[PDB]
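For reference, the structure is listed below as structure tokens.
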Amino acid sequence: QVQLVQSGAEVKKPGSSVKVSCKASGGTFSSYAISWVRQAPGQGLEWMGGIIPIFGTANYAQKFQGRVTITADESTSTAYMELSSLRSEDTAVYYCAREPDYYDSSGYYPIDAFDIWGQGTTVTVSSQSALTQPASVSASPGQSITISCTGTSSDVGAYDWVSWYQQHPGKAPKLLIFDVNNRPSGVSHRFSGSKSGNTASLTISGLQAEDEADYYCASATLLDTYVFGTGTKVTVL
Amino acid sequence: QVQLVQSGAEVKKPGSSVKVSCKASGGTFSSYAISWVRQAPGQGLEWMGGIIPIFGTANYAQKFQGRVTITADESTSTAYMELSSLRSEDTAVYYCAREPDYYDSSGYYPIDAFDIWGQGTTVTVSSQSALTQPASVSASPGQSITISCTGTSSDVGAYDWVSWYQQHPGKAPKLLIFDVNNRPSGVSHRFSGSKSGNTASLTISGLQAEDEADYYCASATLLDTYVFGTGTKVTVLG
Ligand SMILES: [Cl-]
Ligand SMILES: [Cl-]
Ligand SMILES: [Cl-]
Ligand SMILES: [Cl-]
Ligand SMILES: [Cl-]
Ligand SMILES: [Cl-]
């Protein structure tokens, strides 16, 4: 099992630059596709950009173009994120996450989802639209709950490239569903996903106390970016 | 104008304790009532507890009772928050905020709202239901928007002690409305408040580009605590 390990907390002055590392270990390869996603206080997950090291291709969200540089060193299986001209709004936990693309003699086969996440790096600075999700859901043990994720024809409604994540507060997210309804190995089939038109959904059946957490949807887009949902807190009564 | 100045960023190990300070300056008359409110990554504002230094009384959220201690040193106009047994979920920006209670020769007059806020202190920890608000509201310039805030008869429905805040990214919250429908001096009268049963509403008329921000309601409670809403993001369209 591949693990992503990030560099430590950074305390920075406004206008300075920061460089965070993400070391991938435990697999057969050293060129995994890595995206950087941040989570600011009072905000949900926000995709910044990503790199495909074997091709040297980097892609960024318009919000970060010219401010963020993502690089990778295949010889040490490490990816990096450099953020310049730091401001108060940049105080956040920054995560690196792998996109589990497959390659063989016939080509490149992307998986537009984040299957493993680093532990996060807090960066604190001195002195398109998100997908809509309900803020909170509650139900009792053994019941089923369905969480909606509303987007547009340029994201959720375009193709089957919607994914879902569980995040316990202060912990890294965990992938539950990718490509609308596929479950990674290790995830219970209690978790299921679907979609209709521009609306995706996650159903958690057989609700357990351990399911109390925040849940996010995400989708790739026609702009070659990712967008995350606003997040839903699940409380088990 | 009174300013609240907090201590610097803290990087702590799990299981340790942290102490954050809040110094008031710019005012003259007395020590002020202070609450501590945190904002963790991916979470809304969360009230922890507060103190009224001149009375020596303090209140704490049930979630934090015993793990948080709030104290004040009137001789240096400083309030403190100590949080013990730190865990990953405690990584957050911690704010101090003033409750502008005051007194005169005849008595004490509380104001259940947070009028001035410190700049925040990040605490990083090593490698009661919130009020219901809609996640998102979107409209074009010039339209009106209305944000609901649903609680219970022990909070929103109990008394006219509901307040509203605007928060831009990278900034502390700003008080817009207190006591359901009162506007502080300086706040545009295009912001107004209402309340019916257990639901309060913020109305913004003549929507402007600068109004794009997150908005939170808060209510005091019958348990002598405060509770915040989940927060609404307002998007101002083309
Ligand atoms: Cl380090
Ligand atoms: Cl390695
Ligand atoms: Cl399983
Ligand atoms: Cl099944
Ligand atoms: Cl420590
Ligand atoms: Cl009135």
Side-chain angles (χ1 to χ4, degrees), chain A residues 7-20 38-43 46 48 63-64 67-68 81-94 120-127, chain B residues 1-12 18-27 32 34-48 50 70 72-73 76-83 86 90-100 114-126 165-175 186 210 213-214 216 231:
Chain A
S7 49
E10 300 274 359
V11 181
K12 295 280 173 192
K13 288 169 183 173
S16 69
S17 292
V18 68
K19 193 170 185 178
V20 182
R38 74 174 186 191
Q39 194 173 42
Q43 304 303 325
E46 175 172 41
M48 301 175 74
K63 187 174 171 183
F64 303 105
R67 291 196 65 213
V68 178
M81 192 281 303
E82 184 164 12
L83 184 54
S84 65
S85 301
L86 290 166
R87 44 185 172 264
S88 193
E89 71 181 284
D90 298 318
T91 293
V93 175
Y94 290 77
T121 298
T122 304
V123 174
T124 175
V125 182
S126 293
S127 287
Chain B
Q1 65 292 351
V2 179
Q3 287 202 298
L4 300 175
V5 176
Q6 304 183 218
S7 55
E10 301 275 355
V11 183
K12 306 298 297 193
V18 66
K19 183 162 64 186
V20 178
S21 65
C22 175
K23 187 182 170 83
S25 63
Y32 303 116
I34 296 291
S35 279
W36 286 92
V37 175
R38 71 173 185 189
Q39 193 172 46
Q43 311 299 321
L45 297 171
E46 181 169 43
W47 182 84
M48 298 172 77
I70 292 160
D73 178 357
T76 66
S77 313
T78 303
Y80 301 91
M81 187 280 306
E82 294 166 275
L83 178 61
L86 292 166
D90 297 319
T91 292
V93 175
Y94 288 79
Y95 291 102
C96 62
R98 175 175 71 185
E99 294 170 62
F114 307 112
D115 75 326
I116 64 159
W117 293 68
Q119 85 274 26
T121 299
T122 303
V123 175
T124 301
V125 180
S126 296
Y165 304 84
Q166 180 188 65
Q167 186 181 32
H168 282 101
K171 296 177 182 162
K174 176 181 178 179
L175 179 65
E210 40 261 67
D214 291 296
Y216 291 87

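Heavy atoms only: backbone and side chains are in, while hydrogens, waters and symmetry mates are out. Chain identifiers are assigned alphabetically (A, B, ...) following the order of the sequence lines, protein sequences preceding nucleic acid strands; residue numbering begins at 1 within each chain.
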Closest approach of [X] and [Y], non-hydrogen atoms and distance?
{"X": "B:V20", "Y": "B:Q6", "value": "CG1-NE2, 4.1 Å"}
{"X": "B:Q167", "Y": "B:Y95", "value": "NE2-OH, 3.6 Å"}
{"X": "A:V11", "Y": "B:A9", "value": "CG1-CB, 3.9 Å"}
{"X": "B:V2", "Y": "B:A24", "value": "CG1-CB, 4.4 Å"}
{"X": "B:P173", "Y": "B:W117", "value": "O-CD1, 3.3 Å"}
{"X": "B:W47", "Y": "B:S35", "value": "NE1-OG, 2.9 Å"}

Donor-acceptor contact below 3.5 Å, side chain [X] vs main chain [Y]:
{"X": "B:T78", "Y": "B:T76", "result": "yes"}
{"X": "B:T121", "Y": "B:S7", "result": "yes"}
{"X": "A:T91", "Y": "A:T124", "result": "no"}
{"X": "B:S21", "Y": "B:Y80", "result": "no"}
{"X": "A:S84", "Y": "A:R67", "result": "yes"}

Over 12 foreign heavy atoms within 6.0 Å of CD, A:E89: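 Result for CD/A:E89: enclosed.
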Geometric cation-pi criterion, B:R98 with B:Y32: 6.0 Å, 45°: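 Yes, a cation-pi geometry holds between B:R98 and B:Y32.
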Side-chain H-bond candidate by donor/acceptor type, [X] with [Y], under 3.5 Å:
{"X": "A:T122", "Y": "A:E10", "result": "no"}
{"X": "B:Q39", "Y": "B:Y216", "result": "yes"}
{"X": "A:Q43", "Y": "B:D214", "result": "yes"}

How many angstroms lie between atom [atom1] of [X] and atom [atom2] of [Y], to the nearest 0.5 angstrom?
{"X": "B:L86", "Y": "B:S126", "atom1": "CG", "atom2": "OG", "value": "9.5 Å"}
{"X": "A:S127", "Y": "A:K13", "atom1": "OG", "atom2": "NZ", "value": "11.0 Å"}
{"X": "B:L4", "Y": "B:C22", "atom1": "CG", "atom2": "SG", "value": "4.5 Å"}

Between [X] and [Y], is any pair of side-chain heavy atoms under 4.5 Å apart?
{"X": "A:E82", "Y": "A:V68", "result": "no"}
{"X": "B:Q3", "Y": "B:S25", "result": "yes"}
{"X": "B:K19", "Y": "B:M81", "result": "no"}

side-chain contact (heavy atoms from CB on, under 4.5 Å) assessment of B:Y165 paired with B:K174: CA-CA 5 Å; B:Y165 304 84; B:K174 176 181 178 179; over 6 Å; no
Electrostatic pair A:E46-A:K63, nearest N-O below 4.0 angstrom: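 Salt bridge between A:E46 and A:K63, a charged N being under 4.0 Å from a carboxylate O: yes.
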B:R38/B:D90 salt bridge by N-O under 4.0 Å criterion: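 Judged by the 4.0 Å cut-off on N to carboxylate O distance, B:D90 and B:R38 do form a salt bridge.
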